[PDB]
Number of protein chains: 4
Amino acid sequence: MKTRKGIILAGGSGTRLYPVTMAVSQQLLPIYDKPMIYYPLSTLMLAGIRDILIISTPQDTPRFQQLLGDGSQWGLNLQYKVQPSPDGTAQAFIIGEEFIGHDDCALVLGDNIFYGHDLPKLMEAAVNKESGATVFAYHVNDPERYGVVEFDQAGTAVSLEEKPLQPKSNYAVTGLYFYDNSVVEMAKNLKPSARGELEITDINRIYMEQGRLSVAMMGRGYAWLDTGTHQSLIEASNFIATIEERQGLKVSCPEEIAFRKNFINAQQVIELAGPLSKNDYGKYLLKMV
Amino acid sequence: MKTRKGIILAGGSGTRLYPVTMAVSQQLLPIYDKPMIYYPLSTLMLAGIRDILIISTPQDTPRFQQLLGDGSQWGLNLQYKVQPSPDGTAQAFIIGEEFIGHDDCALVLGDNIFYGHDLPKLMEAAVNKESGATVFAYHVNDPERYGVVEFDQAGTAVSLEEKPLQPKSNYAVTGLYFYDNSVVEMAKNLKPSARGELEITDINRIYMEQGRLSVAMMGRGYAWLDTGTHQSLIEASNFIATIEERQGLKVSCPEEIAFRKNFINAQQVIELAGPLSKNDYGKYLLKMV
Amino acid sequence: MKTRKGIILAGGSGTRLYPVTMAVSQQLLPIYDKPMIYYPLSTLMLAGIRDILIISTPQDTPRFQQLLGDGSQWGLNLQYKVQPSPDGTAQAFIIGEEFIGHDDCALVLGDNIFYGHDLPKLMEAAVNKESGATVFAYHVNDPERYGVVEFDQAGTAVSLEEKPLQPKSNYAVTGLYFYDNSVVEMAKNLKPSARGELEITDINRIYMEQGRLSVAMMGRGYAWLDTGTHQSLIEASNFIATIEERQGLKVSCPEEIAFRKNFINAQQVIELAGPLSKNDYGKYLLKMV
Amino acid sequence: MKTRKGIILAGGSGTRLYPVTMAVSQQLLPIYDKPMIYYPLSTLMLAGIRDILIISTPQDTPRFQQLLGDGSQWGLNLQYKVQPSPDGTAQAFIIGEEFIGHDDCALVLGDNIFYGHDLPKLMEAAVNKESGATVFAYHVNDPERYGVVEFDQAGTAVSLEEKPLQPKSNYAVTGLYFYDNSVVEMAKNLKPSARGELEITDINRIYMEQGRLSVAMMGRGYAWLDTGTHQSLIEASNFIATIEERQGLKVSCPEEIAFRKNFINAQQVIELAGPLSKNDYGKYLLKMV
Ligand SMILES: Cc1cn([C@H]2C[C@H](O)[C@@H](COP(=O)(O)OP(=O)(O)OP(=O)(O)O)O2)c(=O)[nH]c1=O
Ligand SMILES: Cc1cn([C@H]2C[C@H](O)[C@@H](COP(=O)(O)OP(=O)(O)OP(=O)(O)O)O2)c(=O)[nH]c1=O
Ligand SMILES: Cc1cn([C@H]2C[C@H](O)[C@@H](COP(=O)(O)OP(=O)(O)OP(=O)(O)O)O2)c(=O)[nH]c1=O
Ligand SMILES: Cc1cn([C@H]2C[C@H](O)[C@@H](COP(=O)(O)OP(=O)(O)OP(=O)(O)O)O2)c(=O)[nH]c1=O
Ligand SMILES: Cc1cn([C@H]2C[C@H](O)[C@@H](COP(=O)(O)OP(=O)(O)OP(=O)(O)O)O2)c(=O)[nH]c1=O
Ligand SMILES: Cc1cn([C@H]2C[C@H](O)[C@@H](COP(=O)(O)OP(=O)(O)OP(=O)(O)O)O2)c(=O)[nH]c1=O
Ligand SMILES: Cc1cn([C@H]2C[C@H](O)[C@@H](COP(=O)(O)OP(=O)(O)OP(=O)(O)O)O2)c(=O)[nH]c1=O
Ligand SMILES: Cc1cn([C@H]2C[C@H](O)[C@@H](COP(=O)(O)OP(=O)(O)OP(=O)(O)O)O2)c(=O)[nH]c1=O
């Protein structure tokens, strides 16, 4: 079963970014030339995933709904569900249980930006996996802040620890995950962690203890950025800016990926571009077709 | 009469930043570690202006309201009014006619960021002017995009042109203006320009024609940035970031300015800083007191 | 024959960066934490090319020499030759005629920075080509500034134009080229272009006309930057900085690449890293081993 | 006696920037669009100082000499003297003793960038002081790395400590200093510090113990940047870039300051611009006149 459903966890508190995130959701913040949520959404789209459930806070869910709509304009089927309280990323599978049904589902954090040659290829391997789960390991400078994966001599993943005091490696689990349908039952039975939250890491550990976790390496050639701090938020923006300025191509443009993957055709693009042709984004879409 | 009233024009369509401004108000977009509106707000605070009316769109006006409230926490008196449609910047004085009354009133654009040694001294001079109006002239690289002020050989402001195809100089009129009570009567009788908008420049031309306009020069030693383009918004953030990182001091932090100007006491600061201590912002205010 | 020889063209007038290039060679300018030449040098190292000739101006050639020496510390064999005057990039093969001999030879511009997942795999394919030549096509925002490659409806490279007034496409030819021995004979018989310079593009057109040119596409997933302008040089540095900061890994560090490719052992690394431990650079290599 | 002599200490080791500073002096590195040394030189020029002694290493002194010449082109009188070994900034007065004679002299570190409205004014006060010394205090985030100044209740400087473990404040002494002629005798008798170097800080302490030190406050409105680390070097570049891009005015352009201060007239500017008009710097100079 190809993973055809996905979830974007665009809620949270964003205390690290106050007061910036006091009146503006972290996932609505701009990462250079477009709202942050366009990045994780693009990643799902590039995986061939069109049916997406967007989860956010009670106050912000309607805003992402106003920004994205039902997604038909990009040939997508977007749905929205509120997460009452930020009680853990794993809760996404409890909230989106109905949305998932008996199918497989991907989950990507709303503030995660993925960029790199052959990124679609790497995900497709996970999209096609008949069962189990697929997570990605990425070398970072401060692994303690993330879910760290320990590898043995042969280079095989053996354990996972959420924000360990002493990381057993510098490889963090990224915020993009692909699960089979058994994820829902795991989430429903998960107990609050040591930090009072239902962590996705605990789900990844269950898949691993059952020998069903594939820890796909995401090399240094790829870019995996986070936007939880003032510093990182601006670093990611400069990053994307350098790339787009040089290439004359936008990174993660929903309209462009929709067109290139045939979710919509040229006429639709032209119709969308027209009313926006007055600005650069519109001109970008027109040049594309 | 010392100017004690100010108006922050925080609306507009903001079509140039599309799509970042599709889900979040431009004046709420972050400039490194704080909402864009904190900057022009700080400018008025530094000018001694505490009674401030915030005008935004019908959709966003309530958002600024939820973010800032009546402003009493910073020893300010904030009021809010909606601008049905972006009919023009000069329309701010018609909308705020009741708020202004018979008093003098300053106007600052919600996306204007001012910074430089003696800035307070600069505004102070314009704030104490008995009558007339005061605008500032800043040397910019792209004059065509703003109100341009031409000078005669003696170096005296002789004319003002809104977005001239052939700028008569590289000095633009910034978005910080100090007017006397007569400004209300002018805006009320203003006729829409060729572009169907009530131009603030027209107001300024009227003051000039009446020999009541002081065009204060704002030297290159000062920094004046607006966020018209994605590229400019990110440079604005890098600018503020380098400064703050280096000095270990924040730029345009309302809580700090309210405190250093004795608008509020150390106890009020500690209370407002409590929820914001998850990051440097709140810890900063704590150390400040 | 596996391409084992490479030439790094590190000269030129560099008049566009004036005055930064008035006292220091452009290829010695820093890109965040290391000299610009370390990047193209790393590209050749990653392509398996260890015998490298560095061509620069009569003034700078000796400077690269003092910086890198014979390159044996990185398990390389570096040679140096002077380019009297910047008569053209294709002149590299006349100057390096003795160095090349009867072998194949790669050419990379001293100011070219390549980065991306599978980059080594990309070059590997061109390095193992029996005969012919291999260049790469990259989508850029300003094609007019480089050799442009046009494609027919079937998507096949049909022509090459040096700095066309009317680019036939947005794909530029990067400064990394893989040629067979016949390149020497071509450059020797090349006549200066309209701008009085021996164009590398002419060489490439000759390979195309002989049906021996492979135009490999270099996707948007890859990053290709040159330092033609002050603005580009700084974006290049921010790009590398964000990446290194995030991964806790360095981009194009010769010592590291020489080590991971077994060009040198851990003992050689420790020795070269000793003097460089006053900053992250040397400490990095230490932790690496 | 108006301070009419100055010294630029453009030597040092720059170990923190290896290998960037292995073949390129730190003061030759680019700070966006021009070599680092243009900044401290500009500061001296803005102080009305034309007779300047440039001190550097034995290998780099001739390079600054090749970049600047005798300075007659900018209406200056530049001299050069080598500092055999980086034995301390205070040694600058031993090396330049002959250059100083019986006159007053300013000293600015070669990697110090000063920017801010009314910066010339602040220096002129020090330039006119009949005797004693003038140093500047600046609020920084990491004072331990600099010479820290302690102030009492009234806000009067009382002590100075070079790189104290526990700074008595967050105010660092900048790298710009103005001394009367007694500085030479102090330097000749200075004993190596606790770190085996003749520190300028010890000279500042002697002036203070004699009640002849003026610690001029340099507020947050000013920008004082250092370029000793990879991070700071790029932060300063982005800073200057944002300013120049917005204003269309260059920060610290020797040719421009020379013209504006009448060291040279328009004809000279035109003659200098002509041969450089092909690049942006030349066009900048032409637009200026
Ligand atoms: C936990 C948790 C996170 N998030 C999503 C939001 C984020 O994009 C992503 C990770 O952000 P996180 O930074 O780990 O949580 P946060 O957004 O509240 O930031 P802070 O720690 O400063 O308070 O996960 C939720 O939507 N719901 C949750 O219950
Ligand atoms: C290995 C290695 C690669 N590179 C750069 C070259 C390429 O542009 C980019 C990616 O090439 P690759 O390394 O092969 O891509 P990767 O994602 O597989 O990296 P890894 O599995 O080792 O984490 O990394 C270096 O600069 N230094 C190195 O030591
Ligand atoms: C016109 C107009 C502008 N603005 C404020 C919004 C901005 O902060 C400030 C800047 O002037 P403008 O730049 O013209 O504001 P804008 O958003 O209309 O420009 P654009 O759509 O091209 O991006 O003026 C209003 O609030 N109301 C108005 O009627
Ligand atoms: C004039 C002039 C100033 N400066 C920098 C030095 C100071 O840090 C900063 C401000 O000092 P001043 O220039 O004298 O202050 P200003 O902003 O009033 O100058 P102006 O009226 O010409 O706009 O400008 C230059 O770099 N080049 C110049 O040609
Ligand atoms: C032409 C020519 C270029 N170059 C190398 C230098 C650069 O790294 C690379 C880039 O191509 P160019 O950009 O044309 O090099 P350039 O320095 O002549 O360009 P400009 O003066 O406008 O800044 O080519 C030479 O070494 N020798 C040459 O004869
Ligand atoms: C195509 C396409 C890719 N991507 C980003 C996603 C990946 O991180 C990165 C590279 O994945 P891929 O695009 O599939 O690798 P590529 O460089 O070969 O693509 P192309 O041949 O079209 O140049 O590009 C977009 O954001 N938008 C797009 O329209
Ligand atoms: C000490 C000392 C510094 N310097 C000048 C060079 C610098 O611009 C300035 C301060 O730089 P410093 O950073 O304090 O010394 P440095 O340039 O050797 O850098 P590092 O500590 O990483 O080795 O003083 C000298 O020229 N001679 C000296 O004897
Ligand atoms: C004080 C104070 C100033 N400012 C900004 C406003 C001005 O653009 C800039 C400089 O105004 P001024 O503060 O008066 O300039 P200054 O160099 O004298 O600062 P100080 O003596 O306090 O160190 O600082 C703030 O943002 N917050 C503050 O709390």
Side-chain angles (χ1 to χ4, degrees), chain C residues 13-38 59-60 62-69 227-242 244-245 250 253-255 272-282 285, chain D residues 10 13-38 59-60 62-69 227-231 233-242 244-245 250 253-255 272 275-285:
Chain C
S13 67
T15 184
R16 278 208 298 171
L17 290 169
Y18 181 98
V20 307
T21 55
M22 190 61 250
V24 56
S25 166
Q26 166 183 38
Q27 295 72 41
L28 283 183
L29 288 174
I31 303 292
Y32 184 51
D33 59 353
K34 66 180 79 61
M36 190 188 300
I37 200 164
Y38 278 32
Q59 292 64 53
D60 304 322
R63 299 199 191 186
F64 290 108
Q65 186 170 50
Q66 201 189 74
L67 193 193
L68 313 167
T227 56
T229 66
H230 299 130
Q231 317 77 272
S232 79
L233 193 163
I234 187 172
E235 297 177 306
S237 299
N238 288 317
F239 185 79
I240 300 305
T242 288
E244 302 198 334
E245 290 304 305
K250 303 301 172 183
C253 156
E255 297 88 333
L272 298 170
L276 313 172
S277 48
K278 290 82 171 190
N279 79 72
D280 195 29
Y281 201 92
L285 298 175
Chain D
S13 176
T15 64
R16 275 175 299 171
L17 297 169
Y18 286 171
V20 167
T21 39
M22 275 286 260
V24 183
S25 178
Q26 180 171 69
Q27 290 73 51
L28 284 185
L29 297 181
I31 294 297
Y32 181 56
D33 65 347
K34 66 183 76 69
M36 191 191 292
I37 191 147
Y38 274 25
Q59 169 185 35
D60 296 328
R63 279 164 182 180
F64 293 102
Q65 179 147 45
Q66 180 206 172
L67 188 266
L68 306 171
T227 42
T229 67
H230 304 132
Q231 294 80 186
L233 179 53
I234 195 167
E235 275 185 289
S237 289
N238 282 308
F239 185 79
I240 301 298
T242 292
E244 307 189 339
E245 290 293 292
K250 287 191 178 308
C253 165
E255 294 87 339
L272 291 173
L276 296 164
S277 59
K278 58 186 65 51
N279 57 249
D280 292 356
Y281 203 78
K283 292 170 194 175
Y284 179 71
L285 307 186

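Each chain gets a letter, A, B and so on, in the order its sequence line appears, and its residues count up from 1.
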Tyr38(C) portion near chain D, given a 4.5 angstrom heavy-atom threshold: side chain
Interface residue of largest heavy-atom contact number with chain D, from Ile234(C), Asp280(C), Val24(C), under 4.5 Å: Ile234(C)
Contact winner vs chain C - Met22(D), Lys278(D), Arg63(D), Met36(D), heavy-atom pairs under 4.5 Å: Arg63(D)
Residue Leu276(D) versus chain C: region with a heavy atom under 4.5 Å: side chain
Student check: side-chain heavy atoms of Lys34(D) and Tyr18(C) closer than 4.5 Å: no
Spacing of OG1 belonging to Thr229(D) relative to CG belonging to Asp33(C), to within rounding of 0.5 Å: 11.5 Å
Minimal non-hydrogen separation, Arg16(D) against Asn279(C), with atom names: O-CB, 3.0 Å
Contact class of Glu244(D) relative to chain C, heavy atoms under 4.5 angstrom: neither
Pair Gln66(D), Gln59(C): side-chain N/O donor-acceptor within cut-off below 3.5 Å: no
Spacing of CD belonging to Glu235(C) relative to CG belonging to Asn238(D), to within rounding of 0.5 Å: 9.5 Å
Max heavy-atom pair count under 4.5 Å with chain C, selected residue of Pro35(D), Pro19(D), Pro30(D), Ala23(D): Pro19(D)
Check: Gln231(D) and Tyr32(C) side chains under 4.5 Å, non-hydrogen atoms: yes
Chain D contact via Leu28(C) - which portion, at a heavy-atom distance below 4.5 Å: both
For chain C, the option from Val20(D), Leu67(D), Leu17(D) that forms the most heavy-atom pairs under 4.5 Å: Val20(D)
